[PDB]
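Enquirer: The structure under discussion is supplied below as structure tokens; questions concerning it will follow.
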Amino acid sequence: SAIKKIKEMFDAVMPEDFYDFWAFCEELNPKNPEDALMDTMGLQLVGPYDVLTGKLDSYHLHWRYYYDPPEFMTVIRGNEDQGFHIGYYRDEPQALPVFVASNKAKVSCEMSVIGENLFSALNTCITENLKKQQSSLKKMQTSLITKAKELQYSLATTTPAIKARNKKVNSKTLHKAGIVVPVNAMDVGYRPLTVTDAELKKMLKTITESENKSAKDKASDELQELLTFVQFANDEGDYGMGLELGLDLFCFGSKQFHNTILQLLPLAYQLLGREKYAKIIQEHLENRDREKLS
């Protein structure tokens with residue numbers, strides 16, 4: 001019913017597990033469906049779910065944490081010291097999400113895939129809370145499993161479709177969740193970075209944490225050489241390279257690179273027909289550390 005709401009407030013269509021998960025949490029907590037997971041695992045529905053709860057009346061930045069790339073849209077918040085949260089990852093603004101992933105934003109840029117849908121996502125969290133109160137949690141585990149059975153949502157952490165998409169990933173990136181861009185019959189559309197990911201981090205750490213000066217100038221020159229390679233790539237149609245490098249600089253997290261990122265990712269997303277993600281990366285870096293709550 002609020003499909004139309006979310007379509008105009010956010011620029012997105014949510015998959016059916018989004019709505020089915022909500023309804024699962026009404027059953028649990030009719031008063032506050034967004035808080036049904038709180039007493040047992042410290043998790044609260046946020047982002048697109050907030051429109052249903054009433055708290056919302058661009059919204060690209062609503063609960064976007066520090067390392068959420070434009071493809072990531074948060075829908076559940078957890079441990080605040082970790083920055084633990086759960087979102088839908090979406091290679092293409094116009095497509096549905098390809099999986100659900102978690103991030104501990106205060107720990108790392110890295111994304112953990114916990115299934116195709118929020119039922120499998122929650123299923124993973126329930127396993128861990130139970131691994132390390134519990135009598136009440138086991139009975140939620142049971143209702144989740146049967147409800148997911150009914151609606152035939154896989155509870156698998158990696159599904160055949162997730163594995164199928166991983167064979168189309170051009171690069172895992174620093175976040176390890178992968179980019180997917182077209183490649184035509186002449187192999188145009190993507191080319192790799194000329195450094196490994198480990199060399200890339202060593203380079204960027206030198207640029208940002210170093211006193212040697214010549215080493216910083218050297219690494220700054222390597223990075224400038226990368227930007228020139230990206231330049232040839234874009235001229236030659238291999239737009240995935242700039243996307244990879246931009247996302248990688250975003251993932252490193254140094255606010256020093258926001259300007260380079262803004263040379264890479266807005267251009268990359270427009271060249272790829274992913275214009276909405278050019279919007280989000282600009283809005284996000286405009287003010288990246290803040291109160292996330294709206």
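A note on labels: chains of the structure tokens are A, B, ... as shown, every chain counts residues from 1, and ligands are counted from 1 in their shown order.
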Using DSSP on the backbone coordinates, identify the residues of stretch 2-142 of chain A assigned to strand (DSSP E); present them as a list in words.

Expert: residues 44, 45, 72, 73, 74, 75, 76, 77, 84, 85, 86, 87, 88, 89, 99, 100, 101, 102, 103, 104, 112 and 113 of chain A

Enquirer: Would you export the selected residues with N, CA, C and O atoms as a CSV table (one decimal), in the first residue's frame, please?

Expert:
```csv
chain,number,residue,atom,x,y,z
A,44,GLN,N,16.8,-2.6,15.1
A,44,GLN,CA,15.6,-1.7,14.9
A,44,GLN,C,15.6,-1.5,13.3
A,44,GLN,O,16.6,-1.1,12.8
A,45,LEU,N,14.4,-1.6,12.8
A,45,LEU,CA,14.2,-1.3,11.3
A,45,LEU,C,14.3,0.2,11.1
A,45,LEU,O,13.8,0.9,11.9
A,72,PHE,N,24.3,0.5,-1.5
A,72,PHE,CA,23.9,-0.1,-0.2
A,72,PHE,C,22.8,0.9,0.4
A,72,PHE,O,23.1,2.1,0.5
A,73,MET,N,21.7,0.3,0.8
A,73,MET,CA,20.6,1.1,1.4
A,73,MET,C,20.2,0.4,2.7
A,73,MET,O,19.7,-0.7,2.7
A,74,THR,N,20.5,1.0,3.9
A,74,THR,CA,20.3,0.4,5.2
A,74,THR,C,18.8,0.2,5.4
A,74,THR,O,18.0,1.0,5.1
A,75,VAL,N,18.5,-0.9,6.1
A,75,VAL,CA,17.1,-1.1,6.5
A,75,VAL,C,17.0,-1.6,8.0
A,75,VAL,O,15.9,-1.7,8.5
A,76,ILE,N,18.2,-2.0,8.6
A,76,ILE,CA,18.2,-2.4,10.0
A,76,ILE,C,19.5,-1.9,10.7
A,76,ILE,O,20.6,-2.1,10.1
A,77,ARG,N,19.3,-1.4,11.9
A,77,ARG,CA,20.5,-0.9,12.7
A,77,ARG,C,20.6,-1.8,13.9
A,77,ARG,O,19.7,-2.3,14.5
A,84,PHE,N,27.1,-1.6,13.5
A,84,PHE,CA,26.5,-2.7,12.8
A,84,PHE,C,25.1,-2.3,12.2
A,84,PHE,O,24.3,-1.7,12.9
A,85,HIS,N,25.0,-2.6,10.9
A,85,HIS,CA,23.7,-2.4,10.3
A,85,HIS,C,23.6,-3.3,9.1
A,85,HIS,O,24.6,-4.0,8.7
A,86,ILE,N,22.4,-3.4,8.5
A,86,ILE,CA,22.0,-4.4,7.5
A,86,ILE,C,21.3,-3.6,6.4
A,86,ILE,O,20.4,-2.8,6.7
A,87,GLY,N,21.7,-3.8,5.1
A,87,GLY,CA,21.0,-3.1,4.0
A,87,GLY,C,20.9,-4.0,2.8
A,87,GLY,O,21.5,-5.1,2.7
A,88,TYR,N,20.1,-3.5,1.8
A,88,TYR,CA,20.0,-4.1,0.5
A,88,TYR,C,21.1,-3.5,-0.4
A,88,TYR,O,21.3,-2.3,-0.5
A,89,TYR,N,21.9,-4.4,-1.0
A,89,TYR,CA,22.9,-4.1,-2.0
A,89,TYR,C,22.3,-4.2,-3.4
A,89,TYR,O,21.7,-5.3,-3.7
A,99,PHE,N,21.5,-8.9,-3.1
A,99,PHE,CA,21.6,-9.6,-1.8
A,99,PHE,C,21.4,-8.6,-0.6
A,99,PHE,O,21.3,-7.4,-0.8
A,100,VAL,N,21.3,-9.1,0.5
A,100,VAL,CA,21.3,-8.4,1.8
A,100,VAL,C,22.8,-8.5,2.4
A,100,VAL,O,23.4,-9.6,2.3
A,101,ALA,N,23.3,-7.4,2.9
A,101,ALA,CA,24.6,-7.4,3.4
A,101,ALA,C,24.7,-6.6,4.7
A,101,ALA,O,23.9,-5.7,5.0
A,102,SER,N,25.6,-7.0,5.6
A,102,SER,CA,25.9,-6.3,6.8
A,102,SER,C,27.2,-5.6,6.7
A,102,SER,O,28.1,-5.9,5.9
A,103,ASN,N,27.3,-4.5,7.6
A,103,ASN,CA,28.6,-3.8,7.7
A,103,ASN,C,28.7,-3.4,9.2
A,103,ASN,O,27.6,-3.0,9.8
A,104,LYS,N,29.9,-3.4,9.7
A,104,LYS,CA,30.2,-2.8,11.0
A,104,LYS,C,31.0,-1.5,10.7
A,104,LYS,O,32.2,-1.6,10.5
A,112,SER,N,29.5,-8.0,4.5
A,112,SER,CA,29.2,-9.4,4.7
A,112,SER,C,27.9,-9.8,4.1
A,112,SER,O,26.8,-9.3,4.6
A,113,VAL,N,27.9,-10.7,3.1
A,113,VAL,CA,26.6,-11.1,2.5
A,113,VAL,C,25.9,-12.2,3.4
A,113,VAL,O,26.5,-13.2,3.8
```

Enquirer: For residue A:183, list every protein, DNA or RNA residue within 10 Å, evaluated using only C-alpha atoms, and leave out those in the same chain fewer than 4 positions away; present the list as a list in words.

Expert: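 My reading of the contact set: residues 168, 170, 187, 188, 189, 190, 191, 237, 238, 239 and 240 of chain A.
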
Enquirer: Just to confirm, what's the straight-line distance from atom CA of residue A:266 to atom CA of residue A:177 in Å (one decimal)?

Expert: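 Separation of atom CA of residue A:266 and atom CA of residue A:177: 19.5 Å.
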
Enquirer: Please indicate the distance in Å from atom CA of residue A:119 to atom CA of residue A:37, rounded to one decimal place.

Expert: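 Atom-to-atom, atom CA of residue A:119 to atom CA of residue A:37, that is 12.3 Å.
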
Enquirer: Restricting the calculation to only C-alpha atoms: of A:289, A:244, A:20, A:110, which residue gets closest to residue A:181?

Expert: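 Selected residue with least distance to residue A:181: A:244.
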
Enquirer: Just want the 7 Å neighbourhood of stretch 60-70 of chain A, counted on only C-alpha atoms, with same-chain residues fewer than 4 positions away dropped. Output as a PyMOL selection string.

Expert: chain A and resi 10+46-47+74+105+109+251+277+280-281+284+288-289+292-294

Enquirer: For residue A:115, which residue among A:139, A:172, A:163, A:131 is the nearest when counting only C-alpha atoms?

Expert: A:163
